[PDB]
Amino acid sequence: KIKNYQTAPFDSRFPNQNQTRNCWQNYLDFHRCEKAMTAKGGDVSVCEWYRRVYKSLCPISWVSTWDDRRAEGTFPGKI
Amino acid sequence: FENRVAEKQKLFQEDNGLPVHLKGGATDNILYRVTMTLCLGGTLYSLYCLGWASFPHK
Amino acid sequence: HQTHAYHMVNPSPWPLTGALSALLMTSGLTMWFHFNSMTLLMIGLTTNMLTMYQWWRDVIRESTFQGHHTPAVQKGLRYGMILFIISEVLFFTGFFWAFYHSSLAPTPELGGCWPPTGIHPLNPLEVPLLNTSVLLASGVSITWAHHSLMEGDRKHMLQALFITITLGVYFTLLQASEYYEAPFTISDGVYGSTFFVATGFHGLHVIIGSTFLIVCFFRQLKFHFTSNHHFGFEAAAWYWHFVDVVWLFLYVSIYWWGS
Amino acid sequence: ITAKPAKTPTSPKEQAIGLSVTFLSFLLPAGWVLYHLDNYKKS
Amino acid sequence: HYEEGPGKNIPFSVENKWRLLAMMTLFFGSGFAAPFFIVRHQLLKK
Amino acid sequence: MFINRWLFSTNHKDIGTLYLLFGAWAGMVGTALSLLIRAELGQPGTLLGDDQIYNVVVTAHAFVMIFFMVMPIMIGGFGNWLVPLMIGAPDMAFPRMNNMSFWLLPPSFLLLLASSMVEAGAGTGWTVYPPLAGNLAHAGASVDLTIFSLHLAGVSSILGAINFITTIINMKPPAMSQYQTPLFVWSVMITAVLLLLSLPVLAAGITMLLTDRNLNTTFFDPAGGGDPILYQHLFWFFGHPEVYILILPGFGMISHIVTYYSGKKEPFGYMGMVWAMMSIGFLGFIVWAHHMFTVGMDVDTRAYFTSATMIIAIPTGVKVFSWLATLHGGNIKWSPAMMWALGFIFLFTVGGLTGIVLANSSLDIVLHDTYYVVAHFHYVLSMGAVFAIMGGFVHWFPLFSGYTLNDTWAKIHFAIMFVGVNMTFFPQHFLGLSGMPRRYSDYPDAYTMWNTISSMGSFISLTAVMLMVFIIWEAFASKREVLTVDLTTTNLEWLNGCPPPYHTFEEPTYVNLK
Amino acid sequence: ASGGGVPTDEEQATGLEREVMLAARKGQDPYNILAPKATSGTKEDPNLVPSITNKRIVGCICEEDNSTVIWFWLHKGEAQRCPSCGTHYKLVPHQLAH
Amino acid sequence: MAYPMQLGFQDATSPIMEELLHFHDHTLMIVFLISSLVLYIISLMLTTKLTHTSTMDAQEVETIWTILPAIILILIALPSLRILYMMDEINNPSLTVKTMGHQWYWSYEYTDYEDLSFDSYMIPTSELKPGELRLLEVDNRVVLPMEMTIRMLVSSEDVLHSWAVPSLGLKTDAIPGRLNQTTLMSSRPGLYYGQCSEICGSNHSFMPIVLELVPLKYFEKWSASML
Amino acid sequence: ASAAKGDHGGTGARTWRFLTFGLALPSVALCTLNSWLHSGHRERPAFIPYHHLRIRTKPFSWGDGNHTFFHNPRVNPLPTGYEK
Ligand SMILES: CCCCCCCCCCCCCCCCCC(=O)OCC(COC(=O)CCCCCCCCCCCCCCCCC)OC(=O)CCCCCCCCCCCCCCCCC
Ligand code: HEA
Ligand code: HEA
Ligand SMILES: CCCCC/C=C\C/C=C\C/C=C\C/C=C\CCCC(=O)O[C@H](COC(=O)CCCCCCCCCCCCCCCCC)COP(=O)(O)OCCN
Ligand SMILES: CCCCC/C=C\C/C=C\C/C=C\C/C=C\CCCC(=O)O[C@H](COC(=O)CCCCCCCCCCCCCCCCC)COP(=O)(O)OCCN
Ligand SMILES: CCCCC/C=C/C/C=C\CCCCCCCC(=O)O[C@H](COC(=O)CCCCCCCCCCCCCCC)COP(=O)(O)OCC[N+](C)(C)C
Ligand SMILES: CCCCCC/C=C\CCCCCCCCCC(=O)O[C@H](COC(=O)CCCCCCCCCCCCCCC)COP(=O)(O)OC[C@@H](O)CO
Ligand SMILES: CCCCCC/C=C\CCCCCCCCCC(=O)O[C@H](COC(=O)CCCCCCCCCCCCCCC)COP(=O)(O)OC[C@@H](O)CO
Ligand SMILES: CCCCCC/C=C\CCCCCCCCCC(=O)O[C@H](COC(=O)CCCCCCCCCCCCCCC)COP(=O)(O)OC[C@@H](O)CO
Ligand SMILES: CCCCCCCCCCOC1OC(CO)[C@@H](O[C@H]2OC(CO)[C@@H](O)[C@H](O)[C@@H]2O)[C@@H](O)[C@H]1O
Ligand SMILES: CCCCCCCCCCO[C@H]1O[C@H](CO)[C@@H](O[C@H]2O[C@@H](CO)[C@@H](O)[C@H](O)[C@@H]2O)[C@@H](O)[C@H]1O
Ligand SMILES: C[C@H](CCC(=O)O)[C@H]1CC[C@H]2[C@@H]3[C@H](O)C[C@@H]4C[C@H](O)CC[C@]4(C)[C@H]3C[C@H](O)[C@]12C
Ligand SMILES: C[C@H](CCC(=O)O)[C@H]1CC[C@H]2[C@@H]3[C@H](O)C[C@@H]4C[C@H](O)CC[C@]4(C)[C@H]3C[C@H](O)[C@]12C
Ligand code: CUA
Ligand SMILES: [Cu+2]
Ligand SMILES: [Mg+2]
Ligand code: NA
Ligand SMILES: [Zn+2]
Ligand SMILES: [Zn+2]
């Protein structure tokens with residue numbers, strides 16, 4: 001639905017060689033959206049786009065480390 | 001306190017051929033020997049430590 | 001006989017003892033950091049102190065007692081001190097560069113923000129402001145001391161210089177207490193890293209500056225300084241102002257803007 | 001530049017000696033270590 | 001005061017050209033050999 | 001008397017002599033290290049069978065050549081010997097502190113040798129980049145001893161810079177303005193200013209690496225919010241000025257040698273030469289990021305650094321053409337020193353030009369960390385620095401010692417060296433263009449020919465070094481004492497005889513203001 | 001508000017510093033701190049070069065703003081001329097310290 | 001890859017590398033002209049008995065040898081920056097692949113749709129199959145679709161490394177905690193080699209990169225079977 | 001700026017002493033008042049084992065290798081939390 005995604009497109013907010021923040025941003029967004037939807041009684045499928053983008057750009061060890069930290073309660077980012 | 005610089009000027013200008021670091025007297029000698037002994041001994045000791053650390057103790 | 005105004009120094013053992021003490025201190029830090037022992041470090045620190053004491057003692061003998069500091073020699077020492085202070089400024093610059101690099105682009109590990117998540121900065125309006133008023137005040141008292149010396153007033157020079165030193169000691173004690181009270185440590189990421197290394201090196205410079213001022217205080221008590229010739233005091237005061245300015249930048253950057 | 005005649009002239013024989021000794025002081029120690037390289041690698 | 005003039009403003013002696021050759025040989029030779037022996041040292045540790 | 005004179009010295013000539021001695025010895029160590037590098041690359045496969053050792057050799061080679069050979073010789077040796085003499089000063093401003101700048105070097109060198117002796121050495125590259133240089137990838141004392149070596153070398157140079165700038169500013173005859181001092185004196189002062197400003201930043205950076213390794217700081221550790229790239233900036237901010245520091249005193253000596261053997265009383269366009277060196281020094285502080293074109297920098301930042309870097313070619317060109325204009329119309333004396341100077345002009349230009357190729361970030365993407373960079377700096381720095389040092393050494397040896405060298409032997413030495421360095425480094429351009437990485441102990445088979453030829457050329461240069469030692473021995477062995485020196489009216493350092501007395505200019509020169 | 005107790009240079013300067021100070025007071029320059037002013041430099045009006053010995057190195061800046069200084073030993077006796085501009089210099093030997 | 005006795009750059013595989021070759025030809029001619037001119041002038045200054053040793057005026061010729069070099073540098077900078085910005089243009093890739101450097105091998109991740117990832121080690125010399133390249137072959141190659149714009153993201157999980165493929169004009173440092181981006185686009189099918197380009201320790205010389213460029217269709221099948 | 005005072009006819013020892021006792025020291029007294037007022041120990045925050053804090057890549061060359069140089073038991077938790 002409005003998808004049919006190949007890869008994360010060019011994001012004018014992160015136009016340079018260092019894409020660390022682009023990955024980070026999309027990871028945060030997906031989890032913030034997933035929280036809001038799971039909370040207020042809604043569907044996580046709206047958070048799809050962010051999941052796809054961060055999946056595409058973020059190294060598996062980063063996502064894995066961040067996931068472990070959110071579970072442990074030590075994720076430094078605001079979700 | 002009183003100004004005794006003139007006395008010190010006389011002592012340090014006395015023509016005895018002594019280099020400034022020893023011109024104060026016997027104490028300069030002692031302090032110098034202490035300093036130089038610690039420096040040289042400490043350096044030997046550092047070489048020994050290098051020798052010790054150069055080889056593995058598995 | 002020479003017919004130029006420059007100083008031909010007697011052959012001296014201090015450059016060698018100084019160089020060796022540098023070897024003992026660096027060797028010593030390595031021994032301490034890796035082979036758990038402080039023996040070398042202790043000897044190094046001791047010979048270093050002995051070298052500095054004897055070397056500067058000799059400079060006082062050469063000038064106050066022997067009269068080797070003609071206007072030309074003094075002018076040279078002025079350039080030397082200015083250049084030394086410049087190199088110190090550049091040293092701190094590297095630390096300020098590290099601070100701004102870290103704080104202006106907070107990485108995801110910090111929570112992507114500054115201060116990092118989990119970091120509760122000191123209130124810049126409490127002891128850090130007190131520290132600022134203390135150093136600024138010592139900058140005023142040292143200027144009073146300088147003018148008293150030039151005006152030939154021994155009592156007031158000693159009075160003003162004493163106040164300056166007391167203030168430096170006060171800053172040091174306050175900073176020591178702040179270090180102990182701080183909820184963050186040097187191991188608390190890049191925040192603790194930049195904070196302690198920058199203010200730590202600054203604190204070291206305050207201790208050095210205070211020591212330099214104490215040396216001047218005692219040389220003053222001994223009447224070494226004339227109302228017109230007192231380079232040791234001038235260098236100590238320039239160095240003191242340098243210490244004062246670095247603090248202002250640390251205060252504005254790390255304590256205030258970085259909070 | 002002008003100079004006086006050598007005070008202690010070094011004859012061609014003397015130069016051959018100096019040159020040979022000089023070359024040998026560089027070549028022998030290094031050559032020895034390089035020669036025994038395999039004896040060091042696995043021992 | 002110190003000795004001045006050719007061969008006197010140096011920390012080594014040039015009184016005898018053969019003793020000098022031996023000095024120079026040890027001096028420059030020791031410097032040149034050092035890396036080879038350090039490499040040997042490192043290979044012989046493991 | 002021996003200890004008082006050589007251990008407790010307060011004399012600029014004696015201290016310069018110690019520096020020359022120290023530098024010569026260091027050069028032997030550095031050469032040996034370079035030979036081990038080329039031996040490992042001499043044929044496909046492994047020689048040492050231990051790549052960490054190879055990395056340690058490459059690292060030590062650089063440190064020794066830069067900090068213990070070039071700087072001590074140019075600044076400590078020629079600087080101490082010539083600067084006071086060229087301005088008619090009785091000695092340096094701080095004759096006692098000067099002795100400490102020298103004595104800090106042996107301990108500094110000992111720490112470097114200690115780092116290679118303990119553990120598995122520091123196989124980090126002379127850039128010492130973390131995390132490779134950190135406490136996990138390089139656990140143990142090695143990297144810490146290397147950092148300490150650099151601190152001591154740093155203090156020695158910073159104090160030396162303070163001494164040179166003060167001496168040059170404060171101790172000229174009352175009538176002599178800064179625009180009446182020789183170009184070598186100008187070259188030393190500018191070099192000293194670069195040292196004074198750059199070394200403290202290096203010190204800050206390596207101290208942060210030290211704390212990251214031992215005090216749990218995280219300046220360069222991402223886990224604590226640090227950044228390895230920060231280290232690179234701090235390193236290279238000192239690093240680029242450093243390469244200009246290595247060549248500036250060389251530019252100064254080349255100006256004197258070219259003027260002298262062209263039979264000229266002065267260099268062409270004196271003020272343009274002063275301007276050129278100051279511009280180079282200035283620009284040398286705003287181009288450092290050209291050593292980081294592949295770290296992932298913004299395109300605008302890369303365009304700026306490409307542009308700022310190329311501008312340096314303008315002042316440098318003024319110097320090259322001025323040296324040629326100094327030769328113009330001269331009664332050329334084909335002495336060994338002149339040969340070294342002419343080789344310098346050519347080789348330096350070649351290296352400088354490849355530096356201009358590298359300045360273009362687009363091309364640097366492909367050339368970075370390849371042998372093209374190694375070829376570039378071995379021409380500008382290696383040959384440039386070494387040729388200027390050899391030229392100055394043969395030109396002033398009679399002044400320092402009072403003895404003459406055998407000119408024919410000296411020309412033979414130059415010939416061998418010229419062949420050796422070009423055979424060693426020219427083929428490395430090919431290796432780089434075709435993609436061979438730097439810091440490699442072995443290489444894909446296609447690179448075999450050029451690596452073989454390069455390593456052979458490295459042996460020719462070894463033959464030249466051994467010959468040089470012999471040539472110095474022969475001079476001291478024969479004892480041909482100097483009588484007359486031409487052009488003393490425009491070369492003040494020769495005016496007090498060879499060698500000049502312990503104390504010179506006890507009665508200063510007389511110079512009218514008019 | 002005010003008082004004394006600090007020595008002056010006149011009361012406490014010693015050694016070479018004191019000598020330079022006293023000489024400066026008399027308008028003399030025994031330690032060569034000042035750049036001497038040139039005469040017309042003719043055969044009849046030569047630049048007088050003080051010396052404590054029988055020869056002294058002279059540096060001649062032939063024309064104002066010249067970057068090249070011409071150096072040469074000036075010997076006791078008949079006036080010598082700068083090898084470059086020909087201006088005359090004559091050595092006037094010793095004394096300084098009474 | 002490089003072949004025996006190669007003097008210049010490996011043949012261009014991408015349009016950008018082709019662009020660099022022409023730019024390098026342009027720059028190199030200037031380098032040859034200037035260095036030979038300097039060598040020539042040295043020989044010209046040294047081959048005459050005629051002399052002129054009196055003071056020579058400089059404020060005239062210095063204009064020439066200041067303006068000329070300035071012009072030459074602008075003549076180099078123009079095409080250099082055109083290429084620089086050209087490389088930077090927004091391309092919008094059809095695929096994103098990540099590579100992580102390690103001591104001492106590279107790992108790859110194609111996580112656009114499936115979670116595909118694998119390690120890529122150098123084939124030891126002792127295990128090379130006949131006709132294979134020493135120090136350059138790897139067990140698992142980086143299969144990629146030819147004639148497509150691909151976004152490569154580079155990072156590392158330990159020390160610094162650098163991902164390079166000379167034939168494509170690529171070299172991007174692999175820095176831990178950072179995600180560097182570069183774009184890859186091969187004009188032809190084939191095998192393209194590169195080597196770790198940032199000193200990373202003992203085995204810096206032994207962690208190559210091998211790209212396998214095939215048509216999209218083959219790329220897809222490969223993806224599937226690599227699950 | 002020009003401050004809000006005046007003098008300048010001649011800056012001497014008297015003037016600088018006036019500034020020391022009339023402006024500088026009083027400023028220090030005020031800040032000392034303000035500081036030894038706003039002090040009072042602030043309630044230490046809950047411990048969270050954040051990975052970017054309490055860094056330990058190599059043990060400290062003192063004590064048990066796990067305590068910072070100016071460790072305060074009251075406010076500095078170890079990597080495993082506050083002390084007993
Ligand atoms: C030592 C090994 C040599 C191997 C030679 C080539 C074999 C070719 C086979 C077969 C040849 C034909 C088939 C292959 C063509 C490939 C074209 C290519 O892809 O093209 C690019 C290639 C090849 O470029 C060439 O087209 C080769 C150019 C070679 C120039 C050599 C000058 C040599 C002078 C003396 C000998 C060398 C040592 C001293 C060098 C001294 C410094 C130059 O790569 C380069 O860019 C290399 C150079 C890098 C930059 C150096 C800049 C300054 C150089 C010289 C100034 C001298 C001026 C005075 C004139 C010279 C005065 C001395
Ligand atoms: C003596 C030391 C020295 C000097 C003087 C220079 C001078 C220059 N260097 Fe070099 N350089 C090094 C030592 C030196 N370098 C070292 C050690 C490294 C590598 C360090 C490492 O990684 O370990 C390096 C690395 C290096 C890089 C990084 C490459 C990489 O890692 O990918 C770059 C980038 O631009 C560069 C550029 C230049 C330039 C443009 C000059 C210019 O200053 C040159 C200017 C001179 C000329 C151009 C020739 C004379 C001019 C004329 C005849 C006029 C007419 C010319 C034109 C119109 C072009 N250098
Ligand atoms: C001044 C600097 C200098 C000098 C002179 C040299 C000289 C030489 N270097 Fe270089 N080298 C470096 C600085 C220098 N180098 C640096 C900075 C690096 C990079 C390290 C890194 O990657 O981290 C390097 C790297 C390096 C490499 C690349 C290593 C790799 O990537 O794996 C190679 C390979 O061939 C090499 C070879 C040589 C050779 C064969 C010589 C010489 O043998 C050439 C001939 C020159 C001489 C033999 C000098 C003789 C001088 C004297 C003996 C003094 C005499 C004294 C008096 C007269 C007073 N060097
Ligand atoms: C009171 C204010 C004045 C500060 C200095 C006073 C005492 C400390 C001893 C030496 C300090 C001198 C310079 C600074 C060097 C490192 C930073 C130290 C600043 C400091 O003192 O930071 C402390 C860390 O101590 C630590 O690790 C310190 C560990 C002590 C060992 C010192 C490490 C030696 C390394 C020195 C490097 C030398 C290189 C200098 C080169 C100069 C140029 C060539 C902070 O304490 P904490 O418990 O983490 O947090 C507080 C929580 N309650
Ligand atoms: C735990 C904290 C630690 C404390 C801080 C640490 C260090 C500080 C150290 C030392 C300084 C303190 C006192 C100095 C002691 C004696 C000075 C003796 C000379 C003297 O008495 O000087 C007098 C003035 O001093 C005087 O009031 C002395 C002046 C004291 C000034 C400060 C008092 C403030 C009072 C309240 C006013 C605040 C209002 C603010 C107004 C706005 C400001 C613009 C002037 O006299 P005279 O007749 O012209 O001189 C003849 C020769 N002596
Ligand atoms: C990117 C590469 C850049 C390429 C560089 C291009 C190089 C420039 C080429 C030519 C420059 C032309 C300058 C013209 C000056 C005339 C030369 C002359 O002849 O020199 C003097 C002029 O003084 C003077 O300019 C002083 C003497 C001459 C001044 C200029 C000489 C130096 C020229 C450069 C030397 C070669 C190095 C070139 C660098 C590449 C002669 O003086 P007069 O005749 O008055 O007195 C003699 C007495 N009469 C009157 C009886 C004859
Ligand atoms: C000085 C007068 C000349 C003026 C010319 C200007 C040059 C320098 C001053 C400018 C400094 C402020 C600029 C900051 C603005 C950008 C903020 C920023 O964010 O820059 C940051 C670093 O700046 C930083 O530390 C910057 C740290 C400072 C680096 C400059 C080095 C010079 C210092 C030495 C000079 C000695 C002076 C003596 C002092 C009295 C990080 O880098 P980014 O690439 O963004 O990374 C973010 C990515 O995730 C996306 O790509
Ligand atoms: C716990 C404490 C230990 C910590 C370590 C450091 C400790 C103390 C350092 C303090 C420095 C004390 C310096 C005392 C110098 C006394 C000699 C002096 O002051 O000498 C004067 C000359 O100045 C001169 O050399 C001026 C000399 C300049 C010296 C200043 C250098 C500062 C040293 C900093 C070192 C560390 C660097 C930072 C580390 C990262 C003598 O000339 P006048 O005064 O005109 O006298 C002549 C008249 O009497 C004639 O009438
Ligand atoms: C990891 C640990 C690293 C440790 C490295 C430590 C290195 C050495 C340690 C021992 C050094 C201390 C010994 C005392 C040195 C005093 C030098 C001094 O005071 O030198 C003076 C000159 O510099 C002047 O003035 C102005 C300059 C004053 C310089 C003071 C020396 C401080 C040394 C530290 C430098 C750090 C560099 C800072 C930048 C990061 C005096 O010159 P002299 O030639 O003596 O005399 C001339 C006579 O006419 C005097 O009558
Ligand atoms: C990069 C710098 C290196 C340059 C290359 C060196 C040039 C040649 C140096 C010659 O030195 C040697 O030659 C040997 C062989 O010719 C050795 O002898 C050895 O080999 C023998 C005979 O084969 C034996 O007689 C002895 O046991 C022996 O150790 C050897 O020790 C070594 O001194
Ligand atoms: C450029 C200028 C900078 C030069 C370098 C600065 C030198 C700093 C020296 C620090 O040395 C120390 O080290 C110790 C570690 O050995 C201490 O003892 C301690 O450490 C212990 C030993 O493990 C315990 O027994 C104790 O509780 C105690 O805290 C300690 O007090 C302190 O003096
Ligand atoms: C490289 C350095 C950042 C160092 C760091 O990351 O710590 C930064 C800080 C400020 C930057 C400069 C300033 O942003 C101003 C200029 C901006 C232009 O877009 C590029 C060049 C330009 C001159 C910059 C070059 C470079 O990116 C600088 C010098
Ligand atoms: C004005 C100054 C000193 C002149 C003097 O007092 O003798 C001279 C010295 C070097 C000259 C510079 C150099 O010759 C290089 C440049 C040459 C161009 O012809 C003009 C600008 C140019 C940048 C010059 C400007 C100016 O004439 C300078 C800066
Ligand atoms: Cu990985 Cu080099
Ligand atoms: Cu550079
Ligand atoms: Mg690199
Ligand atoms: Na090999
Ligand atoms: Zn004063
Ligand atoms: Zn004249």
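Each ligand, and each atom within it, is numbered from 1 in the order the structure gives. Each chain gets a letter, A, B and so on, in the order the sequences are listed, and its residues count up from 1. Values below: all heavy atoms of this structure, side chains included; hydrogens, waters and symmetry mates excluded.
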Original post:
Taking heavy atoms and a distance under 4.0 Å, where does C:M38 meet ligand 11: side chain, backbone, both or neither?
Top reply: side chain
Return the option from [options] holding the heavy atom at the smallest distance from [atom].
atom: atom 1 (C) of ligand 3; options: F:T127, F:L36, F:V70; answer: F:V70
atom: atom 51 (C) of ligand 3; options: F:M69, F:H378, F:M436; answer: F:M69
atom: atom 5 (C) of ligand 3; options: F:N55, F:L381, F:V386, F:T59; answer: F:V386
atom: atom 55 (C) of ligand 3; options: F:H61, F:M468, F:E40; answer: F:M468

Shortest protein heavy-atom distance from [atom], along with the residue and atom involved:
atom: atom 32 (C) of ligand 11; result: I:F69 CZ, 4.0 Å
atom: atom 28 (C) of ligand 11; result: I:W62 CB, 4.8 Å
atom: atom 2 (C) of ligand 3; result: F:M65 CB, 3.5 Å

**OP:** Indicate yes or no: does an N/O atom of C:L204 lie under 3.5 Å from an N/O atom of ligand 11?
**Re:** no
From [atom], is the closest protein heavy-atom distance below 4.0 Å?
atom: atom 17 (C) of ligand 11; answer: no
atom: atom 46 (C) of ligand 3; answer: no
atom: atom 26 (C) of ligand 11; answer: no
atom: atom 20 (O) of ligand 11; answer: yes
atom: atom 23 (O) of ligand 11; answer: yes
atom: atom 1 (C) of ligand 11; answer: no
atom: atom 8 (C) of ligand 11; answer: no

In ligand 3, which numbered atoms sit nearer than 4.0 Å to a non-hydrogen atom of [X]?
X: F:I66; answer: 17 (C)
X: F:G27; answer: 53 (C)
X: F:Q428; answer: 35 (O)
X: F:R438; answer: 19 (C), 21 (C), 22 (O), 31 (O)
X: F:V465; answer: 48 (C)
X: F:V58; answer: 20 (C), 21 (C), 22 (O), 29 (C), 32 (O)
X: F:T31; answer: 48 (C)
X: F:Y54; answer: 29 (C), 30 (C), 32 (O)

Contact (N/O only, under 3.5 Å) between [X] and ligand 3:
X: F:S454; value: no
X: F:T424; value: no
X: F:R38; value: yes
X: F:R439; value: yes

**OP:** Tally every protein N/O/S atom whose distance to the Zn ion (ligand 19) is less than 2.8 Å; waters are neither shown nor counted.
**Re:**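 There are 4 of them.
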Looking only at heavy atoms, is any part of [X] under 4.0 Å from ligand 3, and if so is it the side chain, the backbone, or both, or is it neither?
X: F:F425; answer: side chain
X: F:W126; answer: both
X: F:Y440; answer: backbone

Subject >> Atoms of ligand 11 close to I:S61 [distance to a heavy atom under 4.0 angstrom, numbered from 1] >> reply: 15 (C), 16 (O)
Original post:
Can you check ring-ring contact (aromatic ring centres under 6.0 Å, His included) on F:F430 and F:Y371, steps first, answer last?
Top reply: CA-CA 8 Å; F:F430 305 145; F:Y371 260 86; over 10 Å; no
Original post:
Applying a strict 4.0 Å limit to heavy atoms, is F:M383 in contact with ligand 3?
Top reply: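 No, that is not the case, since the closest heavy atom of the residue is not under 4.0 Å from the ligand.
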Original post:
Is the shortest distance from a heavy atom of F:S382 to ligand 3 less than 4.0 Å?
Top reply: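 F:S382 counts as a contact of ligand 3 under the 4.0 Å cut-off.
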**OP:** Walk me through it: do F:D144 and C:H34 pass the test side-chain contact (heavy atoms from CB on, under 4.5 Å)?
**Re:** CA-CA 10 Å; F:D144 296 315; C:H34 298 285; 2.6 Å; yes
Subject >> C:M52, CE atom: more than 12 neighbouring heavy atoms under 6.0 Å >> reply: yes
